[PDB]
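J.: I'd like to ask you about the structure that follows.
Read-outs throughout are calculated quantities, based only on the coordinates presented, and are distinct from any laboratory measurement. All Cβ positions, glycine included, derive from the backbone under ideal geometry; neighbour counts span all protein chains shown.
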Amino acid sequence: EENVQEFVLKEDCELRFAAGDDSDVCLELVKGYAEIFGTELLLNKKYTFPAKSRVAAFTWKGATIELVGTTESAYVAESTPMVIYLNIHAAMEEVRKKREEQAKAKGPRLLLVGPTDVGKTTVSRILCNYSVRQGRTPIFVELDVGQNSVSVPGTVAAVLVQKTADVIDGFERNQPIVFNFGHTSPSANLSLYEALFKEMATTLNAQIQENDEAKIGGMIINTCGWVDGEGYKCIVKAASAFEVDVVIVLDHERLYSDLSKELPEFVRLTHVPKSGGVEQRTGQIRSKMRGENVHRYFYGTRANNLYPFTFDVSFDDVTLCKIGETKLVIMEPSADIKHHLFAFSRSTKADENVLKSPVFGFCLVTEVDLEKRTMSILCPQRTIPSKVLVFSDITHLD
Ligand SMILES: Nc1ncnc2c1ncn2[C@@H]1O[C@H](COP(=O)(O)OP(=O)(O)O)[C@@H](O)[C@H]1O
Ligand SMILES: [Mg+2]
């Protein structure tokens, strides 16, 4: 906190910095205009970033920015792909306007594809914020069951974006449509994964019939980093199910080349480079981040603390079940359900409906008392929203 760094940013430059392993870093815009991943920074506001945060503060006109704290790295980059990300947004709004003049209108749908650590989530965040700043309400679709920015790991989720992402905490998670996949990787159950995003695409298509702003708002869809083998036809089916107009490929020439020949001719295909500010995460970093995502789901953030309940549930009051390829199996309260997430299915009964039903939310089984026939759960709300609890293979040690 007694260590300050001052930076001058010319137009079209970004301050890339990573917070230390131990320290927070406070960022303040002191002159000009700046944005962090598409969200405008307010002049003279203090943004505290937690340890190990990797952030870029970009400026369209020029800015002076102050960093307070211990940084692992901090420099001004003069070359960025930010204008590319702007033009993609500009192209979408052009499609919105052309479709709008038939009075309703269906907004452009965009599929982001590529391997891990290309800045795919970052770009999806930028594109959503720009649509919001344009006055539109896009639907952000999260297909990455490994690193999910809307719900917990092992989920396919979609959210209506009505406000720009918070600089620190990201997008508001206001009433998301969440499907429980139950695995960190699509390879664990390929056919179920495909059935879920098809059920996602169908649910959204019926719901945009009742919301005009959401329909014209369009979709920005983040896929997972699985591009090889079975991950490829998985991209093709995602493009098909969601009826996308544009596919953006980040930093993968072969994938771009393969898709150029298999995609329907009406689909626009754009290859873009990854930002020099994106760096390769190791396996254990993603694993650690999944646990931090689970913690965030129950306990919230520093800015918005959530207060989860810890109460006991009788095994008589609930039906525990597991999806396992697409058949449903009823679970008998074992010791092995401990530390596992469970989804509150929107289905009233534990039958065929569970497979394709969205969920109310999640709980974490913390204790299992087989001799008392009770379990301890961590839950976002006072009472359980559903008697049907669906097994997730994701484990969290709180
Ligand atoms: N221009 C940039 N400068 C600095 N860090 C960045 C930049 N773009 C992305 N990052 C950071 O790199 C990390 C990985 O980005 P992410 O979008 O999650 O990649 P992917 O979704 O493709 O795995 C994130 O922590 C993000 O904040
Ligand atoms: Mg990602």
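J.: Looking only at the chain, where both bridge partners belong to it, what percent of the DSSP beta bridges are antiparallel (to the nearest 5)?
T.: Once the DSSP bridges in the chain are tallied, antiparallel ones form about 75 percent.
J.: Among residues other than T116 whose Cβ falls under 12 Å from its Cβ, what is the net charge (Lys/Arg +1, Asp/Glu -1)?
T.: Value of the local net charge: -1.
J.: So what is the orientation-averaged projected area of the stretch 81-307, using the convex hull of its C-alpha atoms, in nm²?
T.: With the hull built on Cα positions only, its mean projection is 12.4 nm².
J.: Here's another thing I want to ask about it. Find, among the chymotrypsin sites (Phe, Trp or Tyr not before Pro) in the stretch 211-303, those assigned to loop by DSSP (not H, G, I, E, B) with at most 11 other beta-carbon atoms within 10 angstrom.
T.: When the chymotrypsin sites (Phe, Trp or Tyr not before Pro) of the stretch 211-303 are filtered for loop state and at most 11 Cβ neighbours within 10 Å, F266 remain.
J.: Answer with one residue from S357, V390, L306: the one whose Cα lies farthest towards the positive end of the charge dipole of the stretch 288-398, charges on Cβ with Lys, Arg +1 and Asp, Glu -1.
T.: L306
J.: Place +1 on the Cβ of every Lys and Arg and -1 on the Cβ of every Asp and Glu in the chain, take the dipole about the Cα centre, and give the residue among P108, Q175, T223 whose Cα lies farthest towards its positive end.
T.: Going by the charge dipole, the pick is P108.
J.: OK, next. What list do you get for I220, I330, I394, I337 if you sort them by fewest beta carbons within 10 Å?
T.: With the sparsest Cβ surroundings first, the list reads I330, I337, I394, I220.
J.: Given the -39500 (n - 2.57) contribution per DSSP H run of 4+ residues, what per-residue ellipticity at 222 nm results for the chain, rounded to the nearest 500 deg cm²/dmol?
T.: Calculated at 222 nm, the ellipticity per residue is -8000 deg cm²/dmol.
J.: Can you find, among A51, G20, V76, the residue sitting farthest towards the positive end of the charge dipole of the stretch 1-80, where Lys and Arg contribute +1 and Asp and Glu -1 at Cβ?
T.: Checked the options; the winner is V76.
J.: Turning to a different aspect of this structure: Please sort by residue number the trypsin sites (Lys or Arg not before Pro) in the stretch 1-87 whose DSSP state is loop and whose Cβ has at most 12 other Cβ atoms within 10 Å.
T.: Within the stretch 1-87, the qualifying trypsin sites (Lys or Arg not before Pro) (loop, at most 12 other Cβ atoms within 10 Å) are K10, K45, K61.
J.: Just add up the charged neighbours of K288: K/R +1, D/E -1, any other residue whose Cβ is under 11 Å from the Cβ of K288.
T.: Neighbourhood net charge equals +3.
J.: State to the nearest 20 debye the size of the charge dipole of the stretch 81-307 about its Cα centre, where the only charges are +1 on K and R beta carbons and -1 on D and E beta carbons.
T.: 300 debye
J.: Size of the dipole of the stretch 308-398 about the Cα centre, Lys and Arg at +1 and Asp and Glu at -1 on the beta carbon, nothing else charged, in debye to 20?
T.: My answer is approximately 340 debye.
J.: If you put +1 on each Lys and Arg Cβ and -1 on each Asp and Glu Cβ, how big is the dipole of the chain around its Cα centre, in Debye rounded to 20?
T.: Using only the charged Cβ atoms, the result is roughly 880 debye.
J.: Pairs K106/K356; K198/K349; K198/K387; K52/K106; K104/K274; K97/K356: which are spaced more than 30 Å apart, C-alpha to C-alpha?
T.: Over 30 Å apart, Cα to Cα: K52/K106; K104/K274; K97/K356.
J.: Here's a follow-up. Taking a quarter of the surface of the Cα convex hull of the chain, what do you get in nm²?
T.: 20.4 nm²
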